[PDB]
């Protein structure tokens, strides 16, 4: 006895936006939806101004969305000791565990390591010679290397935590039980890695996490260990996919790649523009519940009513960006929310920006002749995961 549309609206194609988003933005920017898991209905938010209220305002709570009955985009009910499920000021204390490491200053200190590493992998890829798989030689091994040195994870457990991570970024691919099983193995594995540091500490985040275990009376082991897991998932899954998406946008209208080849200083502003353009999050968002009535553009969201944001739709608001439907690397202003907004703003924002910058610059400088060497129609996009990206990107040069 309800007539609210199912969200997501459709199964996704490549990085293509469902057109209902541009319709919704014009005519019904705040609309009711039935999310694929949990009970009941949620407001979908599709415009920037509203997005910033749902993400920004203290009267939207993510902790409140831990209730199993709360609508959600993913099978498992969310982990209460997860970062995304903390409201400030508890969220601020947790963010502070690890925050020092990810400041724009420290991340910039990594450009040299990160550059000599991208360089090394691009070597192995010219050893093997054209044509090769950009995913095998750059997209997976580069982000995986950086997060492992940063965290202090053994680069040799890659297949183990990659497996764990693909499962936990499941939308429709795996079931609640498949996923809760993987979670407990990850918890226990990550809990194991921090204990290795009990009588032998390390100069790496896992070190910091170990220290917080017996030297912080306000943070729980749940919270501390989950930070290891979430950093480790997010710290490679986002960048890996997001390199394949950037390369895909550039090579499909080769024009774009050629613009960067001429001026490898446009790379930073094109990363920011392609961060705006790309729906890396396939649909929805970690859900926020109103704790008090809150005024969005067209509706007062009531205390108890869930909302969910679509980052990529807010990034195509024509009130905020001139010619939003079009890729333009010479925009003067680009106030995108590809990295979210408010309390939960990406902690890796600066690292991901560095990782993409160094990946693209390198390609655009050493491989002028880079094209796709498989058809645009046969491209193996990852299916049934909360995030989009290619499983293989065979390139020629």
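Residue numbers count along the first chain shown, from 1.
Q.
Comparing average C-alpha B factors as deposited, tell me which of 18-26 and 370-378 sits higher.
A. Per the deposited B-factors, the answer is 370-378.
Q | Given 250-258 and 166-174, the range whose Cα B-factors average higher in the PDB entry | A | Between 166-174 and 250-258, it is 250-258 that shows the higher mean C-alpha B-factor.
Q. What's the residue among 282, 213, 86, 245 with the greatest CA temperature factor in the PDB record?
A. If I rank 282, 213, 86, 245 by C-alpha B-factor, first place goes to 213.
Q: Compare the CA B factors listed in the entry for 179, 301, 132, 308 and report the winner.
A: Each of 179, 301, 132, 308 was compared by C-alpha B-factor; the highest is 132.
Q: Classify residue 266 as lowest, middle or highest third according to the C-alpha B-factor given in the PDB entry, relative to its own chain.
A: Highest third - that is where residue 266 ends up once the chain's C-alpha B-factors are sorted.
**Q.** Third of the chain's Cα B-factor distribution that residue 71 belongs to, per the entry
**A.** According to the entry, residue 71 has a C-alpha B-factor in the chain's lowest third.
Q.
How does the C-alpha B factor of residue 101 compare with the rest of the chain: lowest, middle or highest third?
A. For residue 101, the deposited C-alpha B-factor lands in the middle third.
Q) Compared with the other modelled residues in the chain, in which third is the CA B-factor of residue 364? A) Highest third, going by the recorded CA B-factors of the chain.
Q: Can you work out whether the C-alpha temperature factor of residue 297 puts it in the lowest, middle or highest third of the chain?
A: According to the entry, residue 297 has a C-alpha B-factor in the chain's middle third.
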